[PDB]
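J.: Below you'll find the structure I mean.
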Amino acid sequence: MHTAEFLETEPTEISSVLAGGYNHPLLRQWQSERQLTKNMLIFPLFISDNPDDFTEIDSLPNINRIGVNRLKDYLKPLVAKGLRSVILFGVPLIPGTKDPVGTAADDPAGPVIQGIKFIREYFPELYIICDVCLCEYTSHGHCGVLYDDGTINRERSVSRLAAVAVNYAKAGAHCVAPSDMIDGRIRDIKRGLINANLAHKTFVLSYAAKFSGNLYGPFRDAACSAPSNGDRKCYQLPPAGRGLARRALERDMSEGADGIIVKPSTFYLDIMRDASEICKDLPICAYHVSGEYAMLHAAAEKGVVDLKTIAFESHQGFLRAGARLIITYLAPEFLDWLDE
Amino acid sequence: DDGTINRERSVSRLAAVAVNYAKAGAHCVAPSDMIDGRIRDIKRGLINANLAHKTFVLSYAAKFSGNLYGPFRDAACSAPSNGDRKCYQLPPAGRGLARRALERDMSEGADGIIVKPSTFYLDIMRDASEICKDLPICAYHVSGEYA
Amino acid sequence: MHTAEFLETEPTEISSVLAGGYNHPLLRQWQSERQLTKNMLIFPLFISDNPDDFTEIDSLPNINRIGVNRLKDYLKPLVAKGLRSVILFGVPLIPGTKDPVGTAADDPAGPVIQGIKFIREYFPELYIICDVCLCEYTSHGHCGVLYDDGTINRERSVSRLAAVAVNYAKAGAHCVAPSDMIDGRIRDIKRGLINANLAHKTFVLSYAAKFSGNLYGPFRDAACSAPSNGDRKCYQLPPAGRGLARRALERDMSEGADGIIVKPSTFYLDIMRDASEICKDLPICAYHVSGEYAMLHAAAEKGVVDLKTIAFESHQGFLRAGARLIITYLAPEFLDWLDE
Amino acid sequence: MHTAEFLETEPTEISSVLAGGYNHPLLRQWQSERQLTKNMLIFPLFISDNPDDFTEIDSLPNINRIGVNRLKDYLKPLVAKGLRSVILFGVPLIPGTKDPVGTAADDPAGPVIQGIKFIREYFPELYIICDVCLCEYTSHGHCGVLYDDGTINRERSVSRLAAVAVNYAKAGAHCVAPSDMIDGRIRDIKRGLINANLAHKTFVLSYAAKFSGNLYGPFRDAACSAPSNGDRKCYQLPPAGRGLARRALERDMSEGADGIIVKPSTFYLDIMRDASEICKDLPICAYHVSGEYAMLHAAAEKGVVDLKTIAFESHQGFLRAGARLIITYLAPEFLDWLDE
Ligand SMILES: NCc1[nH]cc(CCC(=O)O)c1CC(=O)O
Ligand SMILES: NCc1[nH]cc(CCC(=O)O)c1CC(=O)O
Ligand SMILES: NCc1[nH]cc(CCC(=O)O)c1CC(=O)O
Ligand SMILES: NCc1[nH]cc(CCC(=O)O)c1CC(=O)O
Ligand SMILES: [Zn+2]
Ligand SMILES: [Zn+2]
Ligand SMILES: [Zn+2]
């Protein structure tokens, strides 16, 4: 008869015993290197050039394209729930706005600057972050100014990007986040802020590690910033490029970045860990991209996972990997969940 | 009797099982129990059975508790009863414990280590690549991630 | 009677047991830090100024000096077998071509640029690397412009080398590999590419660690680039110079190199390991030189070793030492071997 | 007309200039981390059980199988030339000597112990090293005692190996070098020496990093120690196994090794470098194996390289990689070369 066999054992080694550290709910909280708080949440906003807008973005569950006149009523509850910061994304829909040099990017009458002014007035305590790029304002849909061949033109690009960033800061943005990924733009932006006497009041949140991938889909729907005549594989880091990512982190830090953003998040947790070592003295931010966000929702609907559970798991993962800030579309949910 | 894991009896039983699989012909054994010090007993068992030189010990050194093991419980019908595995599997926020578990398993004889889940724990894989730099690291794309 | 003695033993220590990790064929593959793939192979090419050339190089078994008109038929099978990249070497044979400043180096009608144009046209998917130096175009046979005393003239040399490199890139080369070993040439080449607006499309593969030795023989036959009035012991690193090699690696990296090459390979595996630590974020390439290559062939003929076996052993050694790319004359063989 | 182009240059950067450190012959010597001296050379000896032997080993140029009665006249000149140490290898040719447990390994009447006694008497100042293994004394040709299945039997093996090592030391060997590569043999050998009260006088030179390869050929001819019924791929490290090699080095050191040997040499220079970091406080020895040695000779005959030149280059390479001792068949040559 097959019976249960038990091998002869040796006395337990103290070094084997780890269980004493997480056998209680409170202990699992104590084991966390960083605890998730409401003030680490950064909610993205898609401001449209139509002040009465409030359009739902198909590929982005529960997220819409808001116009200035609908901002107050939208923000009120969130701010009351503890929202401390937002990241602005402009979505100029009016025809004849987009061009080869992203002129509309810093248009004072544009959605971004209009949004900055509104928020600084209606929600003076909110921290305003502005994404800096040309992709949503270029006729070609690329992040910077191009060469006749269609390839990125570094010099003209960073020159234009620096202007945009300084202009947002001039309008009142507390922080600028260049997501272009073009070589040396951080240095030009920092120098520009210095020359404009705004470097002491403007936080530079660089998307130091932004990889190219299949997770930016839904975003291209909410802001209509899709490439034309190719992909961003030449500026955004290759998914397998750890060395380049590490070099980009060191570069951006050396160029003046006050903090860095890792995008995507979950799919690049190892890069977040690398960043926490290289940029140990700077705040690291995780960006839970549209694709990752939409992926969780899809899986949830399919019953593969539980929304709240996986959201907490994924977000706690960012903190474990070293991040202390999080840009997520789940901000509204967390402002609630963190209360309980 | 209280329902809590019994380390001694557990590793004693697990070691027997692992050695038996190797005796049957398995080239490698991967303990996914996550119970304190099972790697040492399994390695010692293989040594005593004269199979340690032919059996690769692939330890699930870093196995976190989470919401991604669902589908697996359907394919093998191995779902907990009267509680969860939160007392043996590492807490999602537990980086320190994970690092300590990696060092422990390595020191106990593991020939390679497995990180589970994968995608949701890429940072732990990176930690493992430094701590267990001389050993092969394996990623386990779990049912939940796959689904 | 002498009998076999067995000392009293103690229970086996777990820390002693390593055998569990490599007792199976698959395991020995899992133990490899990097696995050899077809796309890591870089095949050198010796383009002659005689379009109908196809001369065999005595000291270089199975290797010849090809002319443009024989390139198509030579490359076809290789590319079909998986060849992804080649490294061009010009061998201008026409008299009155060589001079004191290597004028012919970037001659648009020369073998290198002619080769670039041909390949970009007939094999558009092939990655083109060009070795950058003056040794094969100078009347004196040295790597750079000389002083009246015969000693290397840094300034004029790097100035000329930078021009050559930019010109190859202008012709269409995807990557440039300066093998001159002259102080600070990487910086001038990078700056030159920047000024020519080609730095974003040109990979700079620096021969950061190139030692002087007895293994470059056969090469001097295939390209006729032998020194005149001395040796290269003043620019190429001394075989015992580890400190200088480490300093050269850091220097080249800091000067803009995108990747580095270690030459020779087998005889300098320790330097490859040093490079994998210093230049951890950059791709490291091993160059299996003519002497090493010819040495394996000789030993094989003598029956000392087996060609295929030692080739795999030596090449796997490069990967073990940290390289992820390999320039070897055995490329054709590997394109076959890797299939089985 | 194509003219030589010279790009505009910037003032030379001090950090680019490395040339000032190796522009003179003496400087290239100063750049060496370690200089090659006669006392670092260890000459191998193949003692036969036929006292009047002096047979030439085909696959091993200029090397023979010597009997005790021919040892004096062979050693005299070498010792006079500066030879300070030798490594003994036994080659029992008498029939019925080899068996399943390598009984003859420590046979007092065997070549090794007979050699130790002779040398200690005729050349009292010579340092005697003995290779420790069973391969040359087993009927199966393997390094240790086997299981019925043909697989290595760790326990019985190290038990037998420890006895052999202690016996050689008892006979008068100053140092023992276990080249078996069987898990934990160093610990048993050290413990055995301790129990025999010889640990304070016996240097344990472990072949901590011994890889399996295609370079041990000629050796199997000089000592007739070739495997039977398989290869040594289960005990000797796989060529791609850097992790295992590093673990083996740490293990052997922790087990009592006083020094370590890296075999092969040239083909494993990166491992020598790894060893120089892990075993920084212990002397590292490079073993220029028969295959590597025969390879140099073959290439030399083929005119691919110059014997003396490549020998110096390869041997200086060991020192560069971190070794301070060298076991080489070129010892006789170096005892001459180092004089000039
Ligand atoms: N330069 C645009 C930008 N800045 C931030 C991410 C958006 C992240 C998301 O998809 O939610 C993107 C889109 C892109 O890179 O294509
Ligand atoms: N001890 C069971 C075991 N071993 C491997 C994973 C399966 C991974 C998967 O879900 O695909 C599980 C399930 C569990 O931990 O609940
Ligand atoms: N600057 C020429 C150059 N670039 C690459 C190596 C060729 C490597 C080989 O010999 O195969 C050489 C020859 C030299 O340094 O003498
Ligand atoms: N255990 C035998 C032993 N000890 C040293 C090397 C000899 C090195 C040489 O080939 O010169 C060998 C041979 C082997 O490993 O097959
Ligand atoms: Zn953009
Ligand atoms: Zn040259
Ligand atoms: Zn042996």
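Naming works like this for the structure tokens: A, B, ... for the chains as they're shown, residue 1 at the start of each chain, ligands 1 onward in shown order.
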Name the residues in contact with residue 282 (chain C) at a cut-off of 9 Å, using only C-alpha atoms, excluding same-chain residues fewer than 6 positions from it; report them as a ChimeraX atom specification.
T.: /A:243-244 /C:253,257-260,276
J.: Would you name the residues within 7 Å of ligand 4, counting only C-alpha atoms and all ligand atoms, and put them as a list in words?
T.: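 Taking only C-alpha atoms and all ligand atoms into account, the residues around ligand 4 at most 7 Å away are residues 131, 133, 135, 143, 179, 180, 215, 216, 217, 218, 219, 220, 225, 226, 288, 289, 290 and 291 of chain D.
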J.: Residues of the last selection are to be written out with C-alpha atoms, as a CSV table (one decimal), in the first residue's frame.
T.:
```csv
chain,number,residue,atom,x,y,z
D,131,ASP,CA,48.8,16.3,-9.6
D,133,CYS,CA,43.7,12.3,-9.6
D,135,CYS,CA,42.2,9.0,-14.2
D,143,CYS,CA,38.9,11.0,-12.5
D,179,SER,CA,42.6,18.0,-10.9
D,180,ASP,CA,39.7,15.7,-10.5
D,215,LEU,CA,42.4,21.2,-25.7
D,216,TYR,CA,43.4,18.2,-23.5
D,217,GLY,CA,44.3,15.9,-26.4
D,218,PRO,CA,48.1,15.6,-26.4
D,219,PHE,CA,48.0,15.0,-22.7
D,220,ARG,CA,46.0,11.8,-23.1
D,225,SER,CA,44.5,8.9,-19.3
D,226,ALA,CA,41.6,9.0,-21.7
D,288,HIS,CA,49.0,26.2,-20.4
D,289,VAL,CA,47.5,22.8,-21.5
D,290,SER,CA,48.9,20.4,-24.1
D,291,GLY,CA,46.3,21.5,-26.7
```
J.: Please report the interatomic distance between CA of residue 159 (chain C) and CA of residue 265 (chain C) in Å with one decimal.
T.: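 That distance, rounded to one decimal, is 28.9 Å.
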J.: Find the residues of chain B in contact range of chain A, meaning any atom within 6 Å when counting only C-alpha atoms, and list them as an MDAnalysis selection string.
T.: chainID B and resid 12:13 16 36:37 87 93:94 119:120 122:123 126
J.: Could you pull out the residues sitting within 9 Å of ligand 2, using only C-alpha atoms and all ligand atoms, and write them as an MDAnalysis selection string?
T.: chainID B and resid 30:34 60 63:66 68:73 76 78:80 85 89 116:117 140:146
J.: In Å, with one decimal, what is the gap from CA of residue 139 (chain B) to CA of residue 62 (chain B)?
T.: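 Going from CA of residue 139 (chain B) over to CA of residue 62 (chain B) covers 10.2 Å.
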J.: Tell me as a CSV table (one decimal) with N, CA and C atoms, in the first residue's frame which residues belonging to chain C come within 9 Å of chain A, counting only C-alpha atoms.
T.:
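Writing the result to iface.csv gives the following:
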```csv
chain,number,residue,atom,x,y,z
C,197,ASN,N,24.9,65.9,-39.2
C,197,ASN,CA,23.5,65.5,-38.9
C,197,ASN,C,23.3,64.0,-39.2
C,200,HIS,N,22.6,60.5,-35.3
C,200,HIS,CA,21.4,59.7,-34.8
C,200,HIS,C,21.2,58.5,-35.7
C,280,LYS,N,29.4,48.3,-19.3
C,280,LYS,CA,28.3,47.4,-19.0
C,280,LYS,C,27.0,47.8,-19.8
C,281,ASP,N,26.8,49.1,-20.0
C,281,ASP,CA,25.6,49.5,-20.8
C,281,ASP,C,25.8,49.5,-22.3
C,282,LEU,N,27.0,49.1,-22.8
C,282,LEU,CA,27.2,49.1,-24.2
C,282,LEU,C,27.4,47.7,-24.8
C,283,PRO,N,27.1,47.5,-26.0
C,283,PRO,CA,27.3,46.2,-26.6
C,283,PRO,C,28.8,46.0,-26.8
```
J.: What lies within 12 Å of residue 38 (chain C) using only C-alpha atoms, ignoring chain neighbours under 6 positions off, as a PyMOL selection string?
T.: chain C and resi 78-85+324-328+330-339
J.: Just to be explicit: take each residue in the selection above, keep N, CA, C and O atoms, and write the result as an mmCIF file, in the first residue's frame.
T.:
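Once everything was written out, this is part-v5.cif:
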```
data_model
loop_
_atom_site.group_PDB
_atom_site.id
_atom_site.type_symbol
_atom_site.label_atom_id
_atom_site.label_comp_id
_atom_site.auth_asym_id
_atom_site.auth_seq_id
_atom_site.Cartn_x
_atom_site.Cartn_y
_atom_site.Cartn_z
ATOM 1 N N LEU C 78 25.167 33.623 -48.463
ATOM 2 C CA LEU C 78 25.386 33.976 -47.066
ATOM 3 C C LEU C 78 24.168 34.655 -46.460
ATOM 4 O O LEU C 78 23.700 34.283 -45.385
ATOM 5 N N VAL C 79 23.654 35.666 -47.156
ATOM 6 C CA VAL C 79 22.484 36.389 -46.658
ATOM 7 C C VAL C 79 21.292 35.450 -46.523
ATOM 8 O O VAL C 79 20.476 35.577 -45.615
ATOM 9 N N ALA C 80 21.224 34.492 -47.443
ATOM 10 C CA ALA C 80 20.137 33.514 -47.428
ATOM 11 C C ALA C 80 20.285 32.578 -46.226
ATOM 12 O O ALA C 80 19.298 32.048 -45.720
ATOM 13 N N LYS C 81 21.526 32.397 -45.788
ATOM 14 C CA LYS C 81 21.855 31.547 -44.659
ATOM 15 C C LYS C 81 21.688 32.277 -43.333
ATOM 16 O O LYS C 81 21.886 31.687 -42.269
ATOM 17 N N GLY C 82 21.335 33.557 -43.384
ATOM 18 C CA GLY C 82 21.148 34.310 -42.165
ATOM 19 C C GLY C 82 22.113 35.434 -41.862
ATOM 20 O O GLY C 82 22.021 36.054 -40.793
ATOM 21 N N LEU C 83 23.041 35.736 -42.767
ATOM 22 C CA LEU C 83 23.988 36.823 -42.505
ATOM 23 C C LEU C 83 23.260 38.149 -42.328
ATOM 24 O O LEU C 83 22.467 38.552 -43.180
ATOM 25 N N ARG C 84 23.524 38.829 -41.215
ATOM 26 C CA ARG C 84 22.885 40.100 -40.924
ATOM 27 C C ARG C 84 23.832 41.277 -41.014
ATOM 28 O O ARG C 84 23.388 42.431 -41.117
ATOM 29 N N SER C 85 25.147 41.055 -40.960
ATOM 30 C CA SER C 85 26.035 42.218 -41.027
ATOM 31 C C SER C 85 27.403 41.863 -41.582
ATOM 32 O O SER C 85 27.850 40.721 -41.537
ATOM 33 N N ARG C 324 28.639 40.290 -26.993
ATOM 34 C CA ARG C 324 27.328 39.975 -27.526
ATOM 35 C C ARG C 324 27.307 40.056 -29.046
ATOM 36 O O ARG C 324 26.291 39.822 -29.694
ATOM 37 N N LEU C 325 28.466 40.382 -29.603
ATOM 38 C CA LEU C 325 28.683 40.504 -31.042
ATOM 39 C C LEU C 325 30.023 39.862 -31.413
ATOM 40 O O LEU C 325 30.940 39.875 -30.590
ATOM 41 N N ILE C 326 30.149 39.319 -32.620
ATOM 42 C CA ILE C 326 31.419 38.711 -32.965
ATOM 43 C C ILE C 326 31.807 38.916 -34.422
ATOM 44 O O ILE C 326 31.107 38.482 -35.335
ATOM 45 N N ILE C 327 32.962 39.544 -34.618
ATOM 46 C CA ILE C 327 33.458 39.727 -36.009
ATOM 47 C C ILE C 327 34.383 38.513 -36.266
ATOM 48 O O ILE C 327 35.430 38.406 -35.627
ATOM 49 N N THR C 328 33.965 37.602 -37.136
ATOM 50 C CA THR C 328 34.805 36.419 -37.359
ATOM 51 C C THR C 328 34.772 35.962 -38.807
ATOM 52 O O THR C 328 33.775 36.099 -39.509
ATOM 53 N N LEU C 330 34.877 33.005 -39.553
ATOM 54 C CA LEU C 330 34.177 31.730 -39.499
ATOM 55 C C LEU C 330 32.669 31.915 -39.632
ATOM 56 O O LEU C 330 31.906 30.963 -39.447
ATOM 57 N N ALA C 331 32.242 33.130 -39.953
ATOM 58 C CA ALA C 331 30.834 33.448 -40.111
ATOM 59 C C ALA C 331 30.125 32.491 -41.051
ATOM 60 O O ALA C 331 29.055 31.964 -40.736
ATOM 61 N N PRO C 332 30.715 32.245 -42.227
ATOM 62 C CA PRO C 332 30.092 31.332 -43.191
ATOM 63 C C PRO C 332 29.843 29.958 -42.585
ATOM 64 O O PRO C 332 28.793 29.352 -42.803
ATOM 65 N N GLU C 333 30.809 29.464 -41.818
ATOM 66 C CA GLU C 333 30.680 28.157 -41.182
ATOM 67 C C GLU C 333 29.577 28.161 -40.131
ATOM 68 O O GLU C 333 28.754 27.246 -40.084
ATOM 69 N N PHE C 334 29.563 29.191 -39.291
ATOM 70 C CA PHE C 334 28.566 29.311 -38.242
ATOM 71 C C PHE C 334 27.160 29.434 -38.792
ATOM 72 O O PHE C 334 26.200 28.956 -38.178
ATOM 73 N N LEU C 335 27.008 30.071 -39.952
ATOM 74 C CA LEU C 335 25.675 30.219 -40.543
ATOM 75 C C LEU C 335 25.091 28.844 -40.873
ATOM 76 O O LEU C 335 23.883 28.685 -41.018
ATOM 77 N N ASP C 336 25.981 27.865 -40.968
ATOM 78 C CA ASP C 336 25.610 26.486 -41.263
ATOM 79 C C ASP C 336 25.437 25.692 -39.960
ATOM 80 O O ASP C 336 24.388 25.106 -39.720
ATOM 81 N N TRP C 337 26.486 25.699 -39.149
ATOM 82 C CA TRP C 337 26.540 25.012 -37.877
ATOM 83 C C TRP C 337 25.377 25.366 -36.967
ATOM 84 O O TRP C 337 24.782 24.482 -36.344
ATOM 85 N N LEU C 338 25.042 26.649 -36.877
ATOM 86 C CA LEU C 338 23.954 27.103 -36.029
ATOM 87 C C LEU C 338 22.605 26.578 -36.481
ATOM 88 O O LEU C 338 21.621 26.648 -35.738
ATOM 89 N N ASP C 339 22.535 26.034 -37.692
ATOM 90 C CA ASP C 339 21.275 25.494 -38.205
ATOM 91 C C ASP C 339 20.988 24.126 -37.580
ATOM 92 O O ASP C 339 19.844 23.795 -37.274
#
```
J.: Using only C-alpha atoms and all ligand atoms, which of the listed residues (A:238, A:92, A:102, A:227) sits closest to ligand 1?
T.: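 Residue with the minimum atom-to-atom distance to ligand 1: A:227.
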J.: What does the distance between CA of residue 113 (chain D) and CA of residue 168 (chain D) come to in Å, to one decimal place?
T.: 6.4 Å
J.: If you run DSSP on the backbone here, which positions in region 72-203 of chain C get strand (DSSP E)? Please write them as a PDB file with N, CA, C and O atoms, in the first residue's frame.
T.:
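Listed below is the output, states07.pdb:
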```
ATOM      1  N   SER C  85      25.147  41.055 -40.960  1.00  0.00           N
ATOM      2  CA  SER C  85      26.035  42.218 -41.027  1.00  0.00           C
ATOM      3  C   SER C  85      27.403  41.863 -41.582  1.00  0.00           C
ATOM      4  O   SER C  85      27.850  40.721 -41.537  1.00  0.00           O
ATOM      5  N   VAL C  86      28.059  42.891 -42.111  1.00  0.00           N
ATOM      6  CA  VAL C  86      29.384  42.789 -42.688  1.00  0.00           C
ATOM      7  C   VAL C  86      30.229  44.020 -42.332  1.00  0.00           C
ATOM      8  O   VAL C  86      29.687  45.099 -42.116  1.00  0.00           O
ATOM      9  N   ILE C  87      31.537  43.819 -42.288  1.00  0.00           N
ATOM     10  CA  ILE C  87      32.505  44.866 -42.005  1.00  0.00           C
ATOM     11  C   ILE C  87      33.453  45.019 -43.201  1.00  0.00           C
ATOM     12  O   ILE C  87      34.194  44.097 -43.539  1.00  0.00           O
ATOM     13  N   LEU C  88      33.394  46.183 -43.832  1.00  0.00           N
ATOM     14  CA  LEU C  88      34.153  46.513 -44.997  1.00  0.00           C
ATOM     15  C   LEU C  88      35.562  47.010 -44.735  1.00  0.00           C
ATOM     16  O   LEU C  88      35.811  47.839 -43.872  1.00  0.00           O
ATOM     17  N   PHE C  89      36.452  46.459 -45.543  1.00  0.00           N
ATOM     18  CA  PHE C  89      37.874  46.721 -45.611  1.00  0.00           C
ATOM     19  C   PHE C  89      38.268  46.990 -47.078  1.00  0.00           C
ATOM     20  O   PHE C  89      38.041  46.136 -47.934  1.00  0.00           O
ATOM     21  N   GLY C  90      38.812  48.169 -47.347  1.00  0.00           N
ATOM     22  CA  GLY C  90      39.199  48.492 -48.709  1.00  0.00           C
ATOM     23  C   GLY C  90      40.617  48.079 -49.044  1.00  0.00           C
ATOM     24  O   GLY C  90      41.528  48.236 -48.232  1.00  0.00           O
ATOM     25  N   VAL C  91      40.811  47.567 -50.256  1.00  0.00           N
ATOM     26  CA  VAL C  91      42.134  47.152 -50.700  1.00  0.00           C
ATOM     27  C   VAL C  91      42.460  47.726 -52.073  1.00  0.00           C
ATOM     28  O   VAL C  91      42.495  47.016 -53.072  1.00  0.00           O
ATOM     29  N   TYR C 127      23.287  44.956 -42.560  1.00  0.00           N
ATOM     30  CA  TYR C 127      23.831  46.065 -41.758  1.00  0.00           C
ATOM     31  C   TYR C 127      25.290  46.297 -42.169  1.00  0.00           C
ATOM     32  O   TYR C 127      26.115  45.392 -42.037  1.00  0.00           O
ATOM     33  N   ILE C 128      25.603  47.492 -42.654  1.00  0.00           N
ATOM     34  CA  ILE C 128      26.916  47.828 -43.128  1.00  0.00           C
ATOM     35  C   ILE C 128      27.809  48.548 -42.150  1.00  0.00           C
ATOM     36  O   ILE C 128      27.556  49.679 -41.732  1.00  0.00           O
ATOM     37  N   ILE C 129      28.904  47.884 -41.790  1.00  0.00           N
ATOM     38  CA  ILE C 129      29.903  48.444 -40.884  1.00  0.00           C
ATOM     39  C   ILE C 129      31.188  48.732 -41.682  1.00  0.00           C
ATOM     40  O   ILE C 129      31.612  47.903 -42.492  1.00  0.00           O
ATOM     41  N   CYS C 130      31.801  49.888 -41.460  1.00  0.00           N
ATOM     42  CA  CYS C 130      33.027  50.184 -42.198  1.00  0.00           C
ATOM     43  C   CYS C 130      34.205  50.394 -41.262  1.00  0.00           C
ATOM     44  O   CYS C 130      34.154  51.219 -40.346  1.00  0.00           O
ATOM     45  N   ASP C 131      35.300  49.672 -41.498  1.00  0.00           N
ATOM     46  CA  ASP C 131      36.458  49.918 -40.605  1.00  0.00           C
ATOM     47  C   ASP C 131      37.025  51.303 -40.959  1.00  0.00           C
ATOM     48  O   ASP C 131      37.102  51.646 -42.142  1.00  0.00           O
ATOM     49  N   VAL C 132      37.399  52.097 -39.964  1.00  0.00           N
ATOM     50  CA  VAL C 132      37.935  53.419 -40.290  1.00  0.00           C
ATOM     51  C   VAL C 132      39.400  53.525 -39.895  1.00  0.00           C
ATOM     52  O   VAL C 132      39.754  53.410 -38.723  1.00  0.00           O
ATOM     53  N   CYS C 175      27.297  51.972 -39.786  1.00  0.00           N
ATOM     54  CA  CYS C 175      28.181  52.081 -38.616  1.00  0.00           C
ATOM     55  C   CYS C 175      29.633  52.227 -39.028  1.00  0.00           C
ATOM     56  O   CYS C 175      30.065  51.714 -40.059  1.00  0.00           O
ATOM     57  N   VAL C 176      30.386  52.940 -38.197  1.00  0.00           N
ATOM     58  CA  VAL C 176      31.804  53.178 -38.407  1.00  0.00           C
ATOM     59  C   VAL C 176      32.620  52.611 -37.242  1.00  0.00           C
ATOM     60  O   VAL C 176      32.256  52.810 -36.082  1.00  0.00           O
ATOM     61  N   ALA C 177      33.700  51.912 -37.563  1.00  0.00           N
ATOM     62  CA  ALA C 177      34.572  51.297 -36.572  1.00  0.00           C
ATOM     63  C   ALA C 177      36.015  51.749 -36.723  1.00  0.00           C
ATOM     64  O   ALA C 177      36.787  51.145 -37.469  1.00  0.00           O
ATOM     65  N   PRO C 178      36.406  52.818 -36.016  1.00  0.00           N
ATOM     66  CA  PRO C 178      37.785  53.328 -36.085  1.00  0.00           C
ATOM     67  C   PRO C 178      38.754  52.355 -35.412  1.00  0.00           C
ATOM     68  O   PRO C 178      38.654  52.123 -34.208  1.00  0.00           O
ATOM     69  N   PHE C 203      26.031  54.261 -35.981  1.00  0.00           N
ATOM     70  CA  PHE C 203      26.531  53.581 -34.780  1.00  0.00           C
ATOM     71  C   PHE C 203      28.060  53.679 -34.752  1.00  0.00           C
ATOM     72  O   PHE C 203      28.722  53.352 -35.736  1.00  0.00           O
TER      73      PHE C 203
END
```
J.: Got a sec: who's within 9 Å of residue 103 (chain D), counting only C-alpha atoms, leaving out chain neighbours fewer than 3 positions off, as a VMD selection string?
T.: (chain C and resid 2 to 5) or (chain D and resid 97 to 100 106 to 107 134 137 to 138 160)
J.: Kindly export the residues of the current selection with N, CA, C and O atoms, as a compact mmCIF listing (two decimals), in the first residue's frame.
T.:
```
# COMPACT_ATOMS: atom_id res chain seq x y z
N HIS C 2 50.05 -3.53 -1.46
CA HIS C 2 49.49 -2.18 -1.50
C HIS C 2 48.01 -2.23 -1.85
O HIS C 2 47.62 -2.72 -2.91
N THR C 3 47.19 -1.73 -0.94
CA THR C 3 45.74 -1.72 -1.15
C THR C 3 45.20 -0.30 -1.21
O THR C 3 45.83 0.62 -0.68
N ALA C 4 44.06 -0.12 -1.86
CA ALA C 4 43.45 1.19 -1.98
C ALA C 4 42.98 1.72 -0.63
O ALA C 4 42.19 1.09 0.06
N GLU C 5 43.50 2.89 -0.26
CA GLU C 5 43.13 3.49 1.02
C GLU C 5 42.02 4.53 0.83
O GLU C 5 42.02 5.29 -0.13
N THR D 97 48.08 -2.91 -13.51
CA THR D 97 48.29 -1.84 -12.55
C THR D 97 47.01 -1.04 -12.32
O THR D 97 46.69 -0.68 -11.18
N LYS D 98 46.28 -0.78 -13.39
CA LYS D 98 45.04 -0.03 -13.35
C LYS D 98 43.85 -0.86 -12.89
O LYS D 98 43.69 -2.02 -13.26
N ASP D 99 43.01 -0.24 -12.08
CA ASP D 99 41.82 -0.86 -11.55
C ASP D 99 40.70 0.14 -11.32
O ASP D 99 40.83 1.33 -11.62
N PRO D 100 39.55 -0.36 -10.83
CA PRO D 100 38.36 0.44 -10.58
C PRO D 100 38.50 1.49 -9.52
O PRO D 100 37.72 2.46 -9.50
N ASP D 106 48.57 5.79 -5.28
CA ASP D 106 49.52 6.08 -4.21
C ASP D 106 50.45 4.91 -3.94
O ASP D 106 50.95 4.72 -2.83
N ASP D 107 50.71 4.12 -4.97
CA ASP D 107 51.62 2.97 -4.80
C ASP D 107 53.02 3.50 -4.49
O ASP D 107 53.62 4.21 -5.29
N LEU D 134 42.71 10.15 -10.24
CA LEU D 134 42.67 8.71 -10.43
C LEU D 134 42.60 8.32 -11.89
O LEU D 134 42.84 7.15 -12.22
N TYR D 137 45.06 6.04 -13.26
CA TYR D 137 45.23 4.77 -12.57
C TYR D 137 43.96 3.94 -12.58
O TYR D 137 43.93 2.82 -12.05
N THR D 138 42.89 4.47 -13.17
CA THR D 138 41.63 3.71 -13.20
C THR D 138 41.51 2.94 -14.51
O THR D 138 41.96 3.39 -15.56
N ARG D 160 38.92 8.52 -1.59
CA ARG D 160 40.09 7.91 -2.23
C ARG D 160 41.11 8.98 -2.60
O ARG D 160 42.31 8.81 -2.40
```
J.: Please extract the residues of region 142-211 of chain C with a backbone DSSP assignment of helix (DSSP H, G or I) and present them as an MDAnalysis selection string.
T.: chainID C and resid 154:171 185:195
